[PDB]
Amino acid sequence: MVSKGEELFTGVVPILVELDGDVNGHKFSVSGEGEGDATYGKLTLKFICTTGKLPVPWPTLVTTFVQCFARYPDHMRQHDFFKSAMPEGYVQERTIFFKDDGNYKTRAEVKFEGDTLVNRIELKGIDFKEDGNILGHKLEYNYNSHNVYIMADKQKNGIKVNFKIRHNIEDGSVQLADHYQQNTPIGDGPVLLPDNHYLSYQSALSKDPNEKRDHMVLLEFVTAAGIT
């Protein structure tokens, strides 16, 4: 039996992302558009800073910029919380600690509007060093593969997620960003609370050679695993 949630993701789905950001008082907005193809775990998105120059490095926003698009193997379908919350959606909250620097806190509401999967995000960043790796833009425009570890948070009717990102600094060192995440359904309906597993991510960051606004093209593949 295919759930209503699953059924919404069987083909290519347009995506709209809207973010309002304030990091150490530097305010900015970003919009993104693209499409997701959950059958293949494939995300293709282009983001544009609509307020001018982005005040932080684009790579620090990659994790913020729709896990309902992950490819869950058939044998793990009972563990896909993200799709089971659709179309009413879910709220994703994170705190991202940059080691030896500031922190982002984010709140993202992810839901369908008609045929478009929409994500509305607010990001607040505080305690950054104005000449640290983030505000001083010292991070390379590239990205590593990682695993993201998901567990049920039964008491919250949602999930708890942890993981670490290691951003390459331009001197060959690394800027650790420790992510703590939780997701909770927006609706009151039943959702799938998963056994422990993980999502395997691969990301490639690129530029649109015809685009003059500050922007990032993101191509990401996401696959659930760890339960066999």
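Residue indices: 1-based, along the sequence shown.
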**Asked** From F65 to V66, how many deposited residues does the entry skip: none, 1 to 3, 4 to 9, or 10 or more?
**Response** 1 to 3
**Message:** Averaging CA B factors per stretch from the PDB record, which one is higher: 190 to 198 or 45 to 53?
**Reply:** 190 to 198
**Request:** Compare the mean C-alpha B-factor of 90 to 98 with that of 147 to 155 as given in the PDB entry, and name the stretch with the higher value.
**Result:** 147 to 155
**Item:** Given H79, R120, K105, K83, the residue at which the Cα B factor reaches its maximum
**Value:** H79
**Asked** Between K160, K27, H167, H179, which carries the biggest CA temperature factor in the record?
**Response** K160
**Request:** Divide the modelled residues of the chain into thirds by Cα B-factor and specify which third, lowest, middle or highest, holds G136.
**Result:** middle
**Request:** Grab the CA temperature factor for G125 from the record and place it in the lowest, middle or highest third of its chain.
**Result:** lowest
**Message:** For the chain shown, is the CA B-factor of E220 in the lowest, middle or highest third of its modelled residues?
**Reply:** middle
**Asked** Going by what the PDB entry lists, where does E33 fall on CA B-factor within its chain: lowest, middle or highest third?
**Response** lowest
**Fill in**
Quick tally, chain-level thirds of C-alpha B-factors: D208 sits in the highest
